[PDB]
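Here, each number is a calculation from the coordinates, and none is a lab measurement. Don't worry about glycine lacking a Cβ; one is built from the backbone with ideal geometry, like all the others, and counts go over all protein chains shown.
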Amino acid sequence: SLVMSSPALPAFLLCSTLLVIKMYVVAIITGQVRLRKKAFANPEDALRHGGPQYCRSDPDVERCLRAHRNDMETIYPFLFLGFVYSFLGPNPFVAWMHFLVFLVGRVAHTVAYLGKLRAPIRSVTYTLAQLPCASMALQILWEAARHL
Amino acid sequence: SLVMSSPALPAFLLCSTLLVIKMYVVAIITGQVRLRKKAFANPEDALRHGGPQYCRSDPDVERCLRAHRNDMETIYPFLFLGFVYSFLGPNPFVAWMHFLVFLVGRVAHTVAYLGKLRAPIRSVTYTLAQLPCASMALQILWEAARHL
Amino acid sequence: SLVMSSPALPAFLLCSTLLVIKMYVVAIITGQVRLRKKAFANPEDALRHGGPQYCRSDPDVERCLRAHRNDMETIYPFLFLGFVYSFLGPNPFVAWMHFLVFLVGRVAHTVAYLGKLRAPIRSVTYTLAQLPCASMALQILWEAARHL
Ligand SMILES: CC(C)(C)C(=O)NCc1ccc(Cl)c(C(=O)Nc2ncc[nH]2)c1
Ligand SMILES: CC(C)(C)C(=O)NCc1ccc(Cl)c(C(=O)Nc2ncc[nH]2)c1
Ligand SMILES: CC(C)(C)C(=O)NCc1ccc(Cl)c(C(=O)Nc2ncc[nH]2)c1
Ligand SMILES: CCCCCCCCO[C@@H]1O[C@H](CO)[C@@H](O)[C@H](O)[C@H]1O
Ligand SMILES: CCCCCCCCO[C@@H]1O[C@H](CO)[C@@H](O)[C@H](O)[C@H]1O
Ligand SMILES: CCCCCCCCO[C@@H]1O[C@H](CO)[C@@H](O)[C@H](O)[C@H]1O
Ligand SMILES: CCCCCCCCO[C@@H]1O[C@H](CO)[C@@H](O)[C@H](O)[C@H]1O
Ligand SMILES: CCCCCCCCO[C@@H]1O[C@H](CO)[C@@H](O)[C@H](O)[C@H]1O
Ligand SMILES: CCCCCCCCO[C@@H]1O[C@H](CO)[C@@H](O)[C@H](O)[C@H]1O
Ligand SMILES: N[C@@H](CCC(=O)N[C@@H](CS)C(=O)NCC(=O)O)C(=O)O
Ligand SMILES: N[C@@H](CCC(=O)N[C@@H](CS)C(=O)NCC(=O)O)C(=O)O
Ligand SMILES: N[C@@H](CCC(=O)N[C@@H](CS)C(=O)NCC(=O)O)C(=O)O
């Protein structure tokens, strides 16, 4: 198998795929909140589900969208950075720690966001998860630059 | 060529690249709608194109933005999942079917969204396209876990 | 090192990683503007930082969000396209030029957007940066199709 290309790769692929699934869960939650609160973005959706007055914004829907957007602002870069980083021959335990901190940080972020936990709990989880991303980015920069 | 690294890779690269181009088309459509409806997000844009009153929201512009955002919520994960999945030695025909269902589902989604087709046509196309993504995610999880 | 897999790869990894860091800078700027202008998206954030009246929109915050979103609409596709393109054996100088035009175009885009430069400066930087992306997409299409 080509997953054995690098010692850190399986750990990366596990954490990244779990986080993609976690984003899919947010998407599903968003849809279920739209239906339960009857708050649709489109008139065609609203007319199917009770009438044109249900084409409206809702605070819980907007919150779900913000969590999903923040995921796109953070998890997508990790998908790129963590993949490249996996092939730079990092220490397996150190790599594991990078991936685990991001995984735990991001899962905690979604729980804090959707669960409406007091500030700055969500903010701290964002910063915590950004740390391994910043670390990997710098390491990729050094490897790329030295190979020019 | 390194496209011959795996039998499923060319099919993946064709479908993914077509979908990226499809996202670029949505971006172009969005810009053209902004100009035609004179609905700009920025005062500097508005002042160039008729005056400050044209810094305003528009339902068709917002619809275009929603289609583009939904693309980012779905196609970007596919770019990651489908790439990794291509290297897991899946059955070539089965892999083809995963990529084709996503491609057809997503193109149909954009047509349904921008064309304002009746509910739940758009919703169904989203769910249909998510199926192969869910499938690939699970398969990656198993391969990653078994290599830890 | 696996960065020596293709002659164009180090150039790609340098430009892409710089652009991811550039997106992180936009995220940080956004947060700092929220705090300085006291414009928070969440009631829990607002109550921590002065009261419920500070859960409000702000034009500068919205501008930052638009720049970040446009980055997601353009840089993320480049991360995929440029990576694949790096392995298609392109002319090293030609590949360099693709990556440099995108890097300069996108950095200029963020400066033009956040700096509120007159139209159509921002619009032109977007189009300029899309050119190498369009080029790479077509090249990937040809390579993928010919390997089917
Ligand atoms: C799980 C997910 C699809 C994300 C969701 O809950 N979306 C909310 C949602 C929003 C607007 C509409 Cl119109 C529907 C709808 O009716 N859908 C449908 N009807 C029959 C089959 N499918 C659903
Ligand atoms: C195709 C795409 C670029 C996505 C589009 O249609 N954007 C809408 C758009 C929005 C605001 C402005 Cl200010 C312009 C504009 O004037 N642009 C320009 N002028 C000269 C060269 N370029 C265009
Ligand atoms: C740099 C970045 C994190 C992106 C930023 O400036 N965010 C703005 C922001 C928005 C809402 C809140 Cl509630 C905070 C906050 O208090 N955060 C915090 N307190 C203690 C530790 N961390 C910050
Ligand atoms: C990956 C998906 C994680 C979903 C986490 C959802 C956390 C729900 O948490 C709930 O939030 C409610 C407010 O939204 C509160 O009223 C409840 O007390 C709380 O249990
Ligand atoms: C947003 C603020 C994050 C700052 C923390 C930076 C993360 C540290 O990252 C470290 O950088 C060093 C120098 O590049 C490298 O030698 C290490 O391998 C790397 O772990
Ligand atoms: C990848 C880009 C696909 C673009 C699909 C656009 C579909 C346009 O479809 C059009 O939508 C209009 C409302 O928006 C309707 O008035 C028209 O009847 C319909 O033909
Ligand atoms: C959103 C709901 C989607 C549920 C459909 C799941 C897609 C099925 O996916 C299947 O999963 C099996 C077990 O992991 C694997 O053995 C198969 O290879 C895979 O095709
Ligand atoms: C990657 C991050 C790039 C940040 C570029 C910020 C450019 C700031 O530019 C500033 O913009 C202000 C309006 O916003 C103007 O009042 C100032 O004249 C101008 O210097
Ligand atoms: C948005 C408008 C962009 C149009 C510019 C297209 C970029 C040109 O791209 C070129 O395409 C040729 C044919 O596919 C290839 O032979 C070249 O390698 C490629 O550089
Ligand atoms: N787009 C973000 C940029 C800054 C950011 O990612 N902040 C973190 C920590 S405060 C966050 O959880 N933001 C909430 C959000 O993105 O909706 C924002 O507007 O807040
Ligand atoms: N962000 C999505 C999450 C759920 C989703 O992706 N739903 C599908 C099927 S109903 C969709 O086409 N949503 C429309 C959209 O994202 O604008 C939303 O708010 O609806
Ligand atoms: N989502 C974009 C699609 C078109 C686009 O990317 N336009 C460029 C050049 S005018 C841009 O800088 N748009 C500003 C933005 O996305 O906020 C939009 O609404 O404008």
Fill in the blank from the handout: Of the candidates B:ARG48, B:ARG36, B:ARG69, the one satisfying the condition of being away from ligand 9 (no atom under 16 Å from the Cβ), over 18 Å from the mean Cα position of the chain (by Cα), surrounded by fewer than 21 Cβ atoms within 10 Å (Cβ to Cβ) and within 10 Å of another protein chain (Cβ to nearest Cβ) is B:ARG48
Problem - Matching residues, region A:110-128, being more than 11 Å from every other protein chain (Cβ to nearest Cβ), within 11 Å of ligand 3 (Cβ to nearest atom) and in contact (Cβ under 8 Å) with a residue 24 or more places away in the chain - result: A:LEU128
Handout entry: Unique match (being acidic (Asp, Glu), away from ligand 11 (no atom under 16 Å from the Cβ) and crowded, with 18+ Cβ neighbours inside 10 Å) among C:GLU62, C:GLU143
Key = C:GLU143
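Please report, ordered by residue number, the helices (runs of 4 or more DSSP H) entirely within region A:1-109 with at least 2 residues that are of a type in the set (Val, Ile, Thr) and touching a residue at least 60 places away in the same chain (Cβ under 8 Å). Don't jump to the end; show me each part of the working.
Numbers: elements: A:9-37, A:43-48, A:59-86.
Output list reads A:9-37.
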Handout entry: In region A:72-88, the residues that are within 9 Å of chain C (Cβ to nearest Cβ) and closer than 20 Å to C:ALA67 by Cβ
Key = A:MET72, A:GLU73, A:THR74, A:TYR76, A:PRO77, A:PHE80
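I want to confirm something. Restricting to region A:135-148 and keeping residues that are in a helix (DSSP H, G or I) and within 7 Å of chain C (Cβ to nearest Cβ), which single residue is farthest from C:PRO10 (Cα to Cα)?
From region A:135-148, those in a helix (DSSP H, G or I) are A:135-146; that's our starting set.
Of the ones still in play, those that are also within 7 Å of chain C (Cβ to nearest Cβ) are A:137, A:140-141, A:143-145.
Numbers: A:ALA137: 14, A:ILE140: 9, A:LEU141: 9, A:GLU143: 8, A:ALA144: 5, A:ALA145: 7 Å.
Step by step, filter region A:135-148, then rank; the result is A:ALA137.
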Exercise for the section: Restrict the check to region C:89-104 and report whether at least one residue is within 11 Å of chain B (Cβ to nearest Cβ), in contact with a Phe, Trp or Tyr (Cβ under 8 Å, 6 or more places away or on another chain) and either buried (at least 21 other Cβ atoms within 10 Å of the Cβ) or closer than 19 Å to B:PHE40 by Cα (or both). Expected result: no
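The rows are residues; the columns are (1) within 16 Å of ligand 6 (Cβ to nearest atom); (2) under 30 Å from A:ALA129 (Cα atoms); (3) charged (D, E, K, R).
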residue	(1), (2), (3)
A:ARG34	no, yes, yes
A:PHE40	no, no, no
A:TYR54	no, no, no
A:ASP60	no, yes, yes
A:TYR76	no, yes, no
Handout entry: Every residue from region C:24-49 that is more than 10 Å from ligand 10 (Cβ to nearest atom), touching a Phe, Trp or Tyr at 6+ places or on another chain (Cβ under 9 Å) and either within 24 Å of C:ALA108 (Cα to Cα) or small (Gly, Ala, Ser) (or both)
Key = C:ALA46
